[PDB]
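Novice: Next comes entry_25.cif, mmCIF, N, CA and C atoms:
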```cif
data_structure
loop_
_atom_site.group_PDB
_atom_site.id
_atom_site.type_symbol
_atom_site.label_atom_id
_atom_site.label_comp_id
_atom_site.auth_asym_id
_atom_site.auth_seq_id
_atom_site.Cartn_x
_atom_site.Cartn_y
_atom_site.Cartn_z
ATOM 1 N N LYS A 1 27.747 32.044 96.617
ATOM 2 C CA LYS A 1 27.889 30.757 95.948
ATOM 3 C C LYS A 1 26.844 30.597 94.849
ATOM 4 N N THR A 2 26.990 29.547 94.047
ATOM 5 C CA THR A 2 26.059 29.281 92.957
ATOM 6 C C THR A 2 25.605 27.826 92.966
ATOM 7 N N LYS A 3 24.647 27.505 92.102
ATOM 8 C CA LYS A 3 24.125 26.147 92.007
ATOM 9 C C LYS A 3 23.650 25.651 93.369
ATOM 10 N N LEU A 4 23.001 26.533 94.122
ATOM 11 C CA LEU A 4 22.494 26.184 95.443
ATOM 12 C C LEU A 4 20.992 25.922 95.399
ATOM 13 N N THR A 5 20.290 26.677 94.560
ATOM 14 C CA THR A 5 18.847 26.527 94.422
ATOM 15 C C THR A 5 18.467 25.072 94.173
ATOM 16 N N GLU A 6 19.363 24.333 93.527
ATOM 17 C CA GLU A 6 19.120 22.926 93.227
ATOM 18 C C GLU A 6 19.393 22.054 94.449
ATOM 19 N N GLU A 7 20.600 22.174 94.995
ATOM 20 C CA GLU A 7 20.988 21.394 96.165
ATOM 21 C C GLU A 7 20.043 21.660 97.333
ATOM 22 N N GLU A 8 19.424 22.836 97.332
ATOM 23 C CA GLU A 8 18.497 23.213 98.391
ATOM 24 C C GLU A 8 17.241 22.347 98.349
ATOM 25 N N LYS A 9 16.513 22.424 97.239
ATOM 26 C CA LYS A 9 15.291 21.647 97.070
ATOM 27 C C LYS A 9 15.544 20.167 97.343
ATOM 28 N N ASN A 10 16.753 19.712 97.034
ATOM 29 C CA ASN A 10 17.122 18.317 97.248
ATOM 30 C C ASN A 10 17.179 17.992 98.737
ATOM 31 N N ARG A 11 17.576 18.975 99.538
ATOM 32 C CA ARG A 11 17.674 18.794 100.981
ATOM 33 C C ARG A 11 16.289 18.785 101.623
ATOM 34 N N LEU A 12 15.415 19.662 101.143
ATOM 35 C CA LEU A 12 14.058 19.757 101.669
ATOM 36 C C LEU A 12 13.395 18.384 101.716
ATOM 37 N N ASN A 13 13.347 17.716 100.568
ATOM 38 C CA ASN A 13 12.741 16.392 100.478
ATOM 39 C C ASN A 13 13.299 15.465 101.553
ATOM 40 N N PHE A 14 14.581 15.630 101.862
ATOM 41 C CA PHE A 14 15.235 14.808 102.873
ATOM 42 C C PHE A 14 14.616 15.040 104.248
ATOM 43 N N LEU A 15 14.848 16.225 104.802
ATOM 44 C CA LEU A 15 14.313 16.574 106.115
ATOM 45 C C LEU A 15 12.817 16.284 106.187
ATOM 46 N N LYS A 16 12.136 16.428 105.056
ATOM 47 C CA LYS A 16 10.701 16.179 104.990
ATOM 48 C C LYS A 16 10.384 14.729 105.339
ATOM 49 N N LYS A 17 11.083 13.803 104.690
ATOM 50 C CA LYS A 17 10.878 12.380 104.932
ATOM 51 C C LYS A 17 11.565 11.944 106.223
ATOM 52 N N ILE A 18 12.554 12.720 106.653
ATOM 53 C CA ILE A 18 13.289 12.415 107.874
ATOM 54 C C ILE A 18 12.404 12.585 109.105
ATOM 55 N N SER A 19 11.882 13.793 109.289
ATOM 56 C CA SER A 19 11.020 14.089 110.428
ATOM 57 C C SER A 19 9.709 13.314 110.332
ATOM 58 N N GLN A 20 9.441 12.761 109.154
ATOM 59 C CA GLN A 20 8.220 11.995 108.931
ATOM 60 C C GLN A 20 8.421 10.529 109.304
ATOM 61 N N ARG A 21 9.513 9.945 108.820
ATOM 62 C CA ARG A 21 9.821 8.549 109.101
ATOM 63 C C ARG A 21 10.390 8.389 110.507
ATOM 64 N N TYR A 22 11.343 9.247 110.854
ATOM 65 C CA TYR A 22 11.971 9.200 112.169
ATOM 66 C C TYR A 22 10.924 9.252 113.277
ATOM 67 N N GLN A 23 10.023 10.225 113.184
ATOM 68 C CA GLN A 23 8.967 10.386 114.177
ATOM 69 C C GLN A 23 7.948 9.255 114.077
ATOM 70 N N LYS A 24 8.119 8.399 113.076
ATOM 71 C CA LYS A 24 7.216 7.274 112.868
ATOM 72 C C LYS A 24 7.924 5.950 113.138
ATOM 73 N N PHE A 25 9.218 6.026 113.433
ATOM 74 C CA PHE A 25 10.009 4.834 113.712
ATOM 75 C C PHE A 25 10.871 5.033 114.956
ATOM 76 N N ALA A 26 10.696 6.173 115.614
ATOM 77 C CA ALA A 26 11.456 6.485 116.818
ATOM 78 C C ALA A 26 10.559 6.476 118.051
ATOM 79 N N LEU A 27 9.837 7.570 118.260
ATOM 80 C CA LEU A 27 8.939 7.688 119.405
ATOM 81 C C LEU A 27 9.646 7.284 120.695
ATOM 82 N N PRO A 28 10.743 7.986 121.013
ATOM 83 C CA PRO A 28 11.530 7.720 122.221
ATOM 84 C C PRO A 28 10.789 8.115 123.494
ATOM 85 N N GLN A 29 10.011 9.189 123.411
ATOM 86 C CA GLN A 29 9.248 9.670 124.557
ATOM 87 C C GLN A 29 7.752 9.659 124.260
ATOM 88 N N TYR A 30 7.410 9.588 122.979
ATOM 89 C CA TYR A 30 6.012 9.574 122.561
ATOM 90 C C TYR A 30 5.269 8.399 123.188
ATOM 91 N N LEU A 31 5.761 7.191 122.932
ATOM 92 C CA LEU A 31 5.144 5.984 123.471
ATOM 93 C C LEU A 31 5.648 5.699 124.882
ATOM 94 N N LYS A 32 6.430 6.627 125.424
ATOM 95 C CA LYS A 32 6.975 6.479 126.768
ATOM 96 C C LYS A 32 6.208 7.342 127.765
ATOM 97 N N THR A 33 5.775 8.515 127.313
ATOM 98 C CA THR A 33 5.029 9.433 128.165
ATOM 99 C C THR A 33 3.527 9.278 127.957
ATOM 100 N N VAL A 34 3.132 8.988 126.721
ATOM 101 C CA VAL A 34 1.723 8.812 126.390
ATOM 102 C C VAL A 34 1.183 7.505 126.962
ATOM 103 N N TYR A 35 2.051 6.506 127.060
ATOM 104 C CA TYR A 35 1.662 5.204 127.588
ATOM 105 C C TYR A 35 1.440 5.273 129.096
ATOM 106 N N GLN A 36 2.055 6.263 129.734
ATOM 107 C CA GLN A 36 1.925 6.440 131.176
ATOM 108 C C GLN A 36 0.883 7.505 131.501
ATOM 109 N N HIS A 37 0.875 8.578 130.716
ATOM 110 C CA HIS A 37 -0.072 9.668 130.921
ATOM 111 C C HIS A 37 -1.464 9.278 130.434
ATOM 112 N N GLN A 38 -1.592 9.071 129.127
ATOM 113 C CA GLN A 38 -2.871 8.695 128.535
ATOM 114 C C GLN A 38 -3.414 7.423 129.176
ATOM 115 N N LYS A 39 -4.600 7.522 129.764
ATOM 116 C CA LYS A 39 -5.232 6.380 130.413
ATOM 117 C C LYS A 39 -6.419 5.878 129.597
#
```
Could you quickly redo this structure as structure tokens?

Specialist:
Amino acid sequence: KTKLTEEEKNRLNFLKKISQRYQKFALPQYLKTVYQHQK
């Protein structure tokens, strides 16, 4: 295929902010296990 080098870099920025925001607005087990474990 062609014209992928562009669409690629465009995806990177996505996953980058995704795993950054998601892990900063989700914490499904983070604040669930740390709140019980961490004393």

Novice: Just give me the gap between atom CA of residue 35 of chain A and atom C of residue 22 of chain A in Å, one decimal is fine.

Specialist: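 One can read the atom CA of residue 35 of chain A to atom C of residue 22 of chain A distance as 17.5 Å.
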
Novice: Provide the atom CA of residue 13 of chain A to atom CA of residue 32 of chain A distance in Å, to one decimal place.

Specialist: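 Here the two named atoms are 28.7 Å from each other.
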
Novice: So the first atom is atom CA of residue 26 of chain A and the second is atom CA of residue 14 of chain A; what is the distance between them in Å, to one decimal place?

Specialist: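 Value for the atom CA of residue 26 of chain A-atom CA of residue 14 of chain A distance: 16.7 Å.
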